[PDB]
Amino acid sequence: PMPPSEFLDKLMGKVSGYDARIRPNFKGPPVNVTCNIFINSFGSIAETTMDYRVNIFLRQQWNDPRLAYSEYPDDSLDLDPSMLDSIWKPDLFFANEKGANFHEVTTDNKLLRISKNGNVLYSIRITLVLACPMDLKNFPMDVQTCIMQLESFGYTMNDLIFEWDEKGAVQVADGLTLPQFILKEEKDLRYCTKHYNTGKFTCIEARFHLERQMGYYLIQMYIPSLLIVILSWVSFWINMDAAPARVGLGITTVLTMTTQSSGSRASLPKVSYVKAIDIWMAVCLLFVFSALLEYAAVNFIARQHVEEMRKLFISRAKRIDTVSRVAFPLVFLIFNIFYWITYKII
Amino acid sequence: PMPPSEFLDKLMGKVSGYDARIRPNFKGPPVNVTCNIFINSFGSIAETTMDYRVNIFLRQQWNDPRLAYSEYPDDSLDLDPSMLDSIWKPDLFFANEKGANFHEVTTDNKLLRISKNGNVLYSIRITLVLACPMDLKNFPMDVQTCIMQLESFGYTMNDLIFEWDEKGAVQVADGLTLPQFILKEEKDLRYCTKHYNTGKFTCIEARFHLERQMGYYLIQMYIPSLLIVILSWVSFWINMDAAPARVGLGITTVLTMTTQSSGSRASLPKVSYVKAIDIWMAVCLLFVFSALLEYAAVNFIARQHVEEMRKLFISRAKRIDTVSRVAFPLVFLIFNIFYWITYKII
Amino acid sequence: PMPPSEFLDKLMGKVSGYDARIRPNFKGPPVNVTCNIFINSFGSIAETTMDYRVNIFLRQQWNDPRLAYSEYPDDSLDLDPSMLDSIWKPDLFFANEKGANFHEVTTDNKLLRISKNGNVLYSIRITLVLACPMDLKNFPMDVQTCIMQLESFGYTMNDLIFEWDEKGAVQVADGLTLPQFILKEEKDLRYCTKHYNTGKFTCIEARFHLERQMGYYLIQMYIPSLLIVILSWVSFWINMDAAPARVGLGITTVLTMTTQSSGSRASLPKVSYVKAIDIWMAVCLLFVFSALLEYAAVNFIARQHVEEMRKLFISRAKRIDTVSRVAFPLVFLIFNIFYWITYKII
Amino acid sequence: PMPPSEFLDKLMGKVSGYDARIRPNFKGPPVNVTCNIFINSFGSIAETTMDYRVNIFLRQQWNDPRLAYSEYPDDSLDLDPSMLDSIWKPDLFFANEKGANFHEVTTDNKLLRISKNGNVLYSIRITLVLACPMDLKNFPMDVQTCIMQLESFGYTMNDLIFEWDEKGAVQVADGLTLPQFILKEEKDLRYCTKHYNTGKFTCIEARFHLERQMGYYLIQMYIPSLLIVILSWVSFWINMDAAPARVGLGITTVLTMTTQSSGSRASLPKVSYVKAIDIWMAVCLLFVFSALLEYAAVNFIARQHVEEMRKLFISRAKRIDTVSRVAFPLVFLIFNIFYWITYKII
Amino acid sequence: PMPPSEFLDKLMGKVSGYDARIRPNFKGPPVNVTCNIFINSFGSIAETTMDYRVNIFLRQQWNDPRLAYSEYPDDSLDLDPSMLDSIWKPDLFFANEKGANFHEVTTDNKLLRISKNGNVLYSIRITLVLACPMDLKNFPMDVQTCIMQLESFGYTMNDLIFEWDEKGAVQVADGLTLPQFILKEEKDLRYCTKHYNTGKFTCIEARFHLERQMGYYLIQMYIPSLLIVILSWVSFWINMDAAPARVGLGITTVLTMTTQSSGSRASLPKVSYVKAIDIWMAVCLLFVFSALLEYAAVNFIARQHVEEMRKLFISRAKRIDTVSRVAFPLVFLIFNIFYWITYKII
Ligand SMILES: *[C@@H]1O[C@H](CO)[C@@H](O[C@@H]2O[C@H](CO)[C@@H](O[C@@H]3O[C@H](CO)[C@@H](O)[C@H](O)[C@@H]3O)[C@H](O)[C@H]2NC(C)=O)[C@H](O)[C@H]1NC(C)=O
Ligand SMILES: *[C@@H]1O[C@H](CO)[C@@H](O[C@@H]2O[C@H](CO)[C@@H](O[C@@H]3O[C@H](CO)[C@@H](O)[C@H](O)[C@@H]3O)[C@H](O)[C@H]2NC(C)=O)[C@H](O)[C@H]1NC(C)=O
Ligand SMILES: *[C@@H]1O[C@H](CO)[C@@H](O[C@@H]2O[C@H](CO)[C@@H](O[C@@H]3O[C@H](CO)[C@@H](O)[C@H](O)[C@@H]3O)[C@H](O)[C@H]2NC(C)=O)[C@H](O)[C@H]1NC(C)=O
Ligand SMILES: *[C@@H]1O[C@H](CO)[C@@H](O[C@@H]2O[C@H](CO)[C@@H](O[C@@H]3O[C@H](CO)[C@@H](O)[C@H](O)[C@@H]3O)[C@H](O)[C@H]2NC(C)=O)[C@H](O)[C@H]1NC(C)=O
Ligand SMILES: *[C@@H]1O[C@H](CO)[C@@H](O[C@@H]2O[C@H](CO)[C@@H](O[C@@H]3O[C@H](CO)[C@@H](O)[C@H](O)[C@@H]3O)[C@H](O)[C@H]2NC(C)=O)[C@H](O)[C@H]1NC(C)=O
């Protein structure tokens, strides 16, 4: 008969003595707020900034005995967010925020509904740009575990407790795709219970394994590196004599490997430790100098040589011939079987 | 006689028992909110970010029996947005927001007017920066269908229903032009009715086919690629002997194709799958190495050759002559008829 | 005697029945709001974004009979913007906003004063970043007409009318200078009266012819293009024989024209249609390949040639001599008289 | 005895008839607001945007007879900014704002204190990003005078007057250092009294001479330009004959001068008029083409030459020898004494 | 029995005469606010902008005798930030702000709790982007001391005093890692007590030594510089005669050192004084010109030389031989022992 907000106005109002400023079960057990998120959007992972943008549905669940209606014959009683500040709320935040906001588009995107026993369902939409450290040892082949963590600010452990729910504590959007990564489904859930001069505080937290898209930097960086190496070697399938063609076909290959290495570290954070993309290419550098080393190996022996003079020269021109046809691919094929296997097991 | 806002103040006020917190037809049928948009501005499609900026007029239409005036002799009774919060509103949002705002320029750009039976016309102006996935298989020749979707947050399906109206549910500005695309007029309208732990919620949604401007990357990337290919071949219309002109005219063409390929993938998202612009140019790469392959084919046979020695050499210098005048354009003209036809049918 | 705000408090207050929510002359003629702007700042025209930042003084003028004081012996009665929301205001906005704001620096920069008959002077300061389409056919020599337009949102035509005033409807700052353009003084003023499913709405609008600064891209792009063309031709004033100097002085000129063309389209929106800066330079490209075409024209005839063999060769070496000294400048001087005259009349 | 805010609450409250909406000395003399600023931070001068970020302490001083307490035995009575809106304030703004804000960090950074006679001390903290035109005729050697100006918005001249105070009207931070400039201590203070259709308004304004750091572009642009010029000339200290070393050492110098000129105008606004950095380098361009001009001067005379043929050739090879050893430095040393002296007197 | 906020409502309310506008111990001693921070996040040090982003927990501690409850049997009485504005707060700010904000994510991240004697614990979360000057004399090997400073705005020294606490006045996060630096644990704490026309104000301040990650620019800039120097010298281990290989292997090394120097100063602020990275590379420039100087030293003596003519030439070809094998590494090995030792002691 009576409208429920009118019933709610005398429920949580000054009548019935309800305060919005006091936690439920005060002078009693700590409040167990169980939670789960629905990731709407995810990504734009600025590895320069070492962070990621994510848009979630933060769902929060707890119970208030002060809000347990009895006579009203329904189960879930919703509330437009005008009266949302009139009730108690948790002091949730993120320990790795780096910028966030609500979404006031047409409405404060804020859900409330209350069970008969006062089980409080609370859902809001938050866009987060969460910082995460980026271990880039095997940089195109890393599985980044960028995390997120949810803590209480005023209420300590003894008055409030965050929880994950057991039934799928991270719901994921169906077409949630990543331009550069794959979100693995296994999402670790644990506690990061802090300690301060103030004291200790609750923390639930989530972990997100992100295996990359290997094929991109394969296309951009590996394959143009791959061409020059064979291009360095057909520059040994070049003519018998020390020609200016041997001069030109050598230096052309070297500058492109410098050029690809210039554009290699274009969007990278400036980590001290060596990553995987440069040792791919610095080896390709020291391979591409060997051809110019090989020409001077021809050129110094050509100047070393006139019967007996050139007799040693053309003999050494064959020891440089039949070995380099074998030694060039062998040092490169032994490189990849040395290279990829560590990056295949990690 | 009495001013209408004064009539409206006792209409929707505390007198006549009107609440802003309760949906119309409560404990009854779900509210059918029909809607249509007027796209003022559209574009700045950051394909790096895979999104698009759009400025709309979100028009919303429904009915409230609580707001049905009877005695007042007019039809549409407007309202400046001061009293807009005093009435019920829907909980509309976007499932792919990525940033939005209202427009408070001189006035909250918010329209209300009410029919005699309380049919509520509601219009606001929103700038959106809506995310959309970007399939870039045929990257200069794709028809991108970037979408947008409109959902309820608190009210489920059983209490609220979004609708498109039949009479032109997306109105488009007249001079709405795109710097890189064409908005096709056919705009698909359907439902994206979600399901959650909370439950199910209404969704109407719109789809926007965007065929590009083919001619730009034609000018920037195809035509400078086109010049080098013929420039590679007049470098076979070069002199009889293995000259340093054959050395210089070969390597000049190769580095520019590397240079255009460096500036090719300038503003591109890092997708794993191969797009169309690189297979345009990687083929142009492997074409441009064939000329340097052709010089060494001349150079190795020149070193292979003295009567019978040069007799085979000049004979092979003609088998490299009359075939390459035929084989060069034929492998390229067969490429484009292999290339464009798939990109002409999609 | 009594202070005027105290006189104003009983003027526009609840006493004397004044509403801020009702337009003047309600149930009567539409309100004629005449307006004019003072452009404080203007520019930073992001042609990539196809917009321009402008900071204006939006002056608005109309009349309210409800605000016509009688007994107070003065003419213009100002008001600090605290009481500005207490009166009626128009629902002005911009149809091409793309971001705007007010200016709360030390004070809401909001002017009100009221005549004896209630003629309302209303002035505020707005920074706008207004979108404008950019026709770039003659890109360094275009006169861009970037516009701005001012519409009503809730009030239709029959209740409200925007106007320009006759007496200089766009006031311009004195030292309002542009880094890349010239604002022509002639500013077209007309109507963009829209029509919707809602109905029709008033619009006044202004137009701004912007002729560029021609001399910049002259310096950056024309003059370095100009040097290579003569540098291509002194490479024909080179020695008699087909030298490696003819090889080196040719390819040096070609790569710089590629290099300038790489930096040519640095900050340009990706329009499909051809602009003027590339046809300046693509012609400079096909001129610079003619010198390498000319060397191979020497080189093929040098290999074509031994008495009668070289007799034709040196004769053709003179037909390539005396014609190219004439044919080189003539095709370029006929180009500019073909080029600039269309760009001098538009 | 009684707390002073309680004394202030009945001082400026509704009792004693104080209005915040009325200027002091109303229906009397115009209010003389004297002011001075303390520049906390200054710089990040985006010459592309032609503006500068500055963070100030805007101190404002005037007198209110309505706020002159009498009985309270102290001199300066401060006020936390909660009651700051309860009093009158000036309508100060900036005519060249381009974005600004207050600073609500832990507190509205807003100072009030009141003398016994009601002399009002008012100080706030503002970060400004102030636009300034950038005359770049002598671009590395200009003294930029970027200004700032402070005007009233509603109150005209006859009701309000801004002033500088005599005692150091611009206080400057001690370690206020600039990454690219030097703030000269002489700061011009004058009036920019505007005139409008509304009328005339007060303006005080400040001027800031900014002499650059000459040594940076000296290091980046002058010194690498300086090396090539001598590198062009040791390429004339090259061997007797027209060698391919003369070919290679010429073109190497030319492309670097193109390369430095490409990176020269990296961060520059696109002004039409010629600046100083390009005439530094375009002269360095036309110097570096003279060496390739000198080789062809050798090469054409080498092809011109066989007893009497080479006799003129080696004689002209000495007229090109002994003159160019003198003519090369002389045209460059006469250039700098032509160059720097205008840039030393301005 | 009675809830504590209800006890707090009559504690700090209008009853018991509590004002939020008056400092504690008014007309008495200055308030000693001791403080300490917990750095949550730190970094993204934009050396171009000369600043750093930091996210802190600003903890503030003082005492209010007005807030000393007596009868309530507990020690720390917390308060959700709704009633936070109802009490007195300090006027803290930062003198080097450059942008800051609070964090309203789900809750104003604002902590209050009050001891029995009214010792006020106050903690909030602030993200700061704090400016700091960047001395870049030894640019890859500098220890940057970027500071932060905390001042009062309205309250002077005689009414308010900031303090550090003795017990670890800067708490640091455990996994607080830097992408480019190391935060040294020693953090200097002192006073920056300002003086103005207003007067003098309290200041506590903190200092943060930041030693870089040396290994990055080692990898990016030192090692590619290191390769060319040996590559310059094997270009002297080249053949006996003045070959075009000596021409080509010289100029290839020079342009890469120009290319690395172009990408060297990519992200650097434009300081006038010379840094350490360029004197690393300008020496590498003047080393790499010596090889081309060495070829012309060969080439001029080759043209100087026919019995006695070449007899001096091959003798000078040995004085250029046996010295340069010794003189090349010696001038470079003496450089590094001159270089690094100053950068090892600072
Ligand atoms: C939130 O969840 C926590 C975790 O279960 C609850 O704390 C637990 O509360 C129960 C009953 O209140 C305690 O059980 C009792 O333990 C004593 C001693 O172990 C035993 O003698 C009794 O027979 C009884 O089983 C339990 O110890 C306690 N655990 C902890 C770690 O505190 C808490 O009550 C929940 N609060 C709310 C508001 O739901
Ligand atoms: C919003 O639109 C929906 C869709 O039409 C409306 O729901 C429909 O309401 C009508 C009448 O209220 C229902 O018709 C009735 O159906 C029963 C059983 O089918 C039949 O025996 C009756 O004779 C009568 O025709 C219809 O079933 C129902 N459809 C659905 C899917 O619920 C709704 O009433 C509209 N609400 C408002 C506020 O306009
Ligand atoms: C705002 O300006 C418009 C444009 O002038 C005003 O509308 C005009 O109002 C006048 C008098 O109210 C109308 O004149 C009358 O017209 C009738 C029929 O044409 C004629 O028989 C009468 O003798 C008289 O001249 C005029 O038609 C009308 N024009 C339009 C287009 O509506 C309007 O009144 C102004 N409103 C305010 C508040 O100033
Ligand atoms: C703010 O400063 C201005 C500038 O001094 C003040 O205006 C000046 O006010 C004085 C006295 O009120 C005027 O002096 C009188 O001038 C008349 C005619 O010149 C003379 O016959 C009298 O004997 C007396 O000296 C002075 O003219 C006037 N100047 C101007 C330019 O208006 C103003 O009063 C100050 N206002 C406040 C609130 O401090
Ligand atoms: C905040 O801390 C300051 C620093 O200690 C306190 O100021 C100090 O207050 C004490 C007692 O109020 C003063 O001691 C007295 O000094 C006089 C003269 O030196 C001496 O004759 C007395 O026997 C007594 O020892 C002390 O001088 C004073 N120091 C300064 C620099 O002012 C202040 O009281 C503290 N305020 C609060 C609210 O805690």
# chains A, B, ... in the order shown; residues from 1 in each chain; ligands from 1
$ residues_near_ligand --ligand "ligand 3" --cutoff "12 Å" --atoms "only C-alpha atoms and all ligand atoms" --output "number ranges by chain"
C: 23-34, 61-65, 119, 157-163
$ interface_residues --of "chain D" --to "chain C" --cutoff "6 Å" --atoms "only C-alpha atoms" --output "list in words"
residues 91, 92, 93, 154, 271, 272, 296, 299, 300 and 303 of chain D
$ select_by_dssp --residues "region 227-287 of chain C" --states "helix (DSSP H, G or I)" --output "mmCIF file with N, CA and C atoms, in the first residue's frame"
data_model
loop_
_atom_site.group_PDB
_atom_site.id
_atom_site.type_symbol
_atom_site.label_atom_id
_atom_site.label_comp_id
_atom_site.auth_asym_id
_atom_site.auth_seq_id
_atom_site.Cartn_x
_atom_site.Cartn_y
_atom_site.Cartn_z
ATOM 1 N N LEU C 227 66.003 24.106 -54.174
ATOM 2 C CA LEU C 227 67.447 23.961 -54.298
ATOM 3 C C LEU C 227 67.818 22.703 -55.061
ATOM 4 N N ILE C 228 67.094 21.615 -54.810
ATOM 5 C CA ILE C 228 67.425 20.314 -55.374
ATOM 6 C C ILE C 228 67.237 20.312 -56.884
ATOM 7 N N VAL C 229 66.261 21.082 -57.370
ATOM 8 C CA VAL C 229 65.943 21.131 -58.793
ATOM 9 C C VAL C 229 67.095 21.729 -59.586
ATOM 10 N N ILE C 230 67.663 22.826 -59.090
ATOM 11 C CA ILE C 230 68.864 23.362 -59.709
ATOM 12 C C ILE C 230 70.044 22.444 -59.434
ATOM 13 N N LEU C 231 70.078 21.831 -58.246
ATOM 14 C CA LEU C 231 71.132 20.879 -57.911
ATOM 15 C C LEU C 231 71.064 19.642 -58.790
ATOM 16 N N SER C 232 69.863 19.289 -59.246
ATOM 17 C CA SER C 232 69.725 18.238 -60.242
ATOM 18 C C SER C 232 70.317 18.644 -61.584
ATOM 19 N N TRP C 233 70.352 19.940 -61.881
ATOM 20 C CA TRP C 233 70.683 20.383 -63.227
ATOM 21 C C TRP C 233 72.145 20.754 -63.386
ATOM 22 N N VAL C 234 72.791 21.209 -62.311
ATOM 23 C CA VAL C 234 74.237 21.362 -62.332
ATOM 24 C C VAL C 234 74.892 19.990 -62.380
ATOM 25 N N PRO C 244 81.386 8.385 -62.181
ATOM 26 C CA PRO C 244 80.745 8.145 -60.877
ATOM 27 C C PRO C 244 80.329 9.420 -60.162
ATOM 28 N N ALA C 245 80.860 10.579 -60.564
ATOM 29 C CA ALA C 245 80.320 11.850 -60.097
ATOM 30 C C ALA C 245 78.899 12.056 -60.601
ATOM 31 N N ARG C 246 78.617 11.628 -61.837
ATOM 32 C CA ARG C 246 77.242 11.646 -62.325
ATOM 33 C C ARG C 246 76.367 10.663 -61.561
ATOM 34 N N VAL C 247 76.954 9.558 -61.104
ATOM 35 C CA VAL C 247 76.227 8.621 -60.259
ATOM 36 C C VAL C 247 75.918 9.258 -58.912
ATOM 37 N N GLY C 248 76.934 9.845 -58.275
ATOM 38 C CA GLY C 248 76.768 10.331 -56.914
ATOM 39 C C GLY C 248 75.934 11.595 -56.819
ATOM 40 N N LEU C 249 76.139 12.536 -57.744
ATOM 41 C CA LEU C 249 75.363 13.773 -57.724
ATOM 42 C C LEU C 249 73.911 13.576 -58.128
ATOM 43 N N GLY C 250 73.554 12.425 -58.683
ATOM 44 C CA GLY C 250 72.167 12.161 -58.993
ATOM 45 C C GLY C 250 71.405 11.626 -57.800
ATOM 46 N N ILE C 251 71.948 10.582 -57.167
ATOM 47 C CA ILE C 251 71.231 9.885 -56.102
ATOM 48 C C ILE C 251 71.168 10.719 -54.831
ATOM 49 N N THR C 252 72.117 11.641 -54.654
ATOM 50 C CA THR C 252 72.095 12.531 -53.499
ATOM 51 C C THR C 252 70.877 13.440 -53.543
ATOM 52 N N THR C 253 70.557 13.948 -54.731
ATOM 53 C CA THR C 253 69.410 14.826 -54.902
ATOM 54 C C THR C 253 68.093 14.088 -54.715
ATOM 55 N N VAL C 254 68.051 12.804 -55.068
ATOM 56 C CA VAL C 254 66.793 12.066 -55.043
ATOM 57 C C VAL C 254 66.366 11.773 -53.611
ATOM 58 N N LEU C 255 67.314 11.365 -52.769
ATOM 59 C CA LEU C 255 66.981 10.946 -51.413
ATOM 60 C C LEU C 255 66.558 12.120 -50.543
ATOM 61 N N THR C 256 67.088 13.314 -50.816
ATOM 62 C CA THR C 256 66.665 14.497 -50.078
ATOM 63 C C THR C 256 65.233 14.874 -50.419
ATOM 64 N N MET C 257 64.848 14.721 -51.688
ATOM 65 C CA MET C 257 63.465 14.968 -52.077
ATOM 66 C C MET C 257 62.530 13.941 -51.464
ATOM 67 N N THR C 258 63.017 12.718 -51.261
ATOM 68 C CA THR C 258 62.265 11.753 -50.473
ATOM 69 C C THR C 258 62.248 12.165 -49.008
ATOM 70 N N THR C 259 63.361 12.727 -48.532
ATOM 71 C CA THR C 259 63.480 13.102 -47.128
ATOM 72 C C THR C 259 62.590 14.293 -46.801
ATOM 73 N N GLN C 260 62.540 15.279 -47.696
ATOM 74 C CA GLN C 260 61.646 16.410 -47.492
ATOM 75 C C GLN C 260 60.192 15.983 -47.609
ATOM 76 N N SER C 261 59.905 15.021 -48.491
ATOM 77 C CA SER C 261 58.540 14.524 -48.623
ATOM 78 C C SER C 261 58.127 13.694 -47.422
ATOM 79 N N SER C 262 59.092 13.062 -46.755
ATOM 80 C CA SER C 262 58.796 12.359 -45.515
ATOM 81 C C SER C 262 58.395 13.339 -44.422
ATOM 82 N N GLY C 263 59.152 14.420 -44.271
ATOM 83 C CA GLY C 263 58.806 15.458 -43.328
ATOM 84 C C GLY C 263 57.769 16.442 -43.807
ATOM 85 N N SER C 264 57.304 16.298 -45.048
ATOM 86 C CA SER C 264 56.280 17.172 -45.602
ATOM 87 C C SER C 264 54.957 16.958 -44.892
ATOM 88 N N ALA C 276 47.706 20.572 -52.061
ATOM 89 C CA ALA C 276 48.595 21.312 -52.944
ATOM 90 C C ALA C 276 50.063 21.079 -52.627
ATOM 91 N N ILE C 277 50.382 20.619 -51.421
ATOM 92 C CA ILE C 277 51.787 20.557 -51.044
ATOM 93 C C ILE C 277 52.464 19.336 -51.656
ATOM 94 N N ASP C 278 51.705 18.284 -51.929
ATOM 95 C CA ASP C 278 52.294 17.063 -52.452
ATOM 96 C C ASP C 278 52.482 17.145 -53.957
ATOM 97 N N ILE C 279 51.515 17.738 -54.662
ATOM 98 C CA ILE C 279 51.691 17.984 -56.084
ATOM 99 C C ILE C 279 52.777 19.007 -56.341
ATOM 100 N N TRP C 280 53.097 19.849 -55.360
ATOM 101 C CA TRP C 280 54.334 20.605 -55.447
ATOM 102 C C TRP C 280 55.531 19.673 -55.437
ATOM 103 N N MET C 281 55.491 18.646 -54.600
ATOM 104 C CA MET C 281 56.685 17.864 -54.344
ATOM 105 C C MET C 281 56.753 16.580 -55.143
ATOM 106 N N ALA C 282 55.607 15.998 -55.501
ATOM 107 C CA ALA C 282 55.633 14.826 -56.368
ATOM 108 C C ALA C 282 56.122 15.182 -57.761
ATOM 109 N N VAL C 283 55.832 16.399 -58.216
ATOM 110 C CA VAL C 283 56.436 16.891 -59.444
ATOM 111 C C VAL C 283 57.933 17.078 -59.250
ATOM 112 N N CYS C 284 58.334 17.569 -58.075
ATOM 113 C CA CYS C 284 59.754 17.666 -57.761
ATOM 114 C C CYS C 284 60.397 16.294 -57.632
ATOM 115 N N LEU C 285 59.617 15.276 -57.272
ATOM 116 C CA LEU C 285 60.133 13.917 -57.322
ATOM 117 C C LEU C 285 60.363 13.474 -58.759
ATOM 118 N N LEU C 286 59.350 13.603 -59.617
ATOM 119 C CA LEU C 286 59.509 13.103 -60.977
ATOM 120 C C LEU C 286 60.471 13.951 -61.795
ATOM 121 N N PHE C 287 60.723 15.188 -61.377
ATOM 122 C CA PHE C 287 61.860 15.898 -61.932
ATOM 123 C C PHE C 287 63.179 15.293 -61.487
#
$ residues_around --residues "residue 75 (chain C)" --least-positions-apart "5" --cutoff "8 Å" --atoms "only C-alpha atoms" --output "PDB file with N, CA and C atoms, in the first residue's frame"
ATOM      1  N   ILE C 114      20.984  45.730 -15.435  1.00  0.00           N
ATOM      2  CA  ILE C 114      19.581  45.812 -15.812  1.00  0.00           C
ATOM      3  C   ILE C 114      19.221  47.273 -16.023  1.00  0.00           C
ATOM      4  N   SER C 115      18.587  47.569 -17.153  1.00  0.00           N
ATOM      5  CA  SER C 115      18.107  48.912 -17.427  1.00  0.00           C
ATOM      6  C   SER C 115      16.836  49.190 -16.630  1.00  0.00           C
ATOM      7  N   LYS C 116      16.352  50.432 -16.724  1.00  0.00           N
ATOM      8  CA  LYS C 116      15.145  50.829 -16.003  1.00  0.00           C
ATOM      9  C   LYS C 116      13.927  50.079 -16.510  1.00  0.00           C
TER      10      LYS C 116
END
$ atom_distance --atom1 "CA of residue 19 (chain E)" --atom2 "CA of residue 117 (chain E)"
17.7 Å
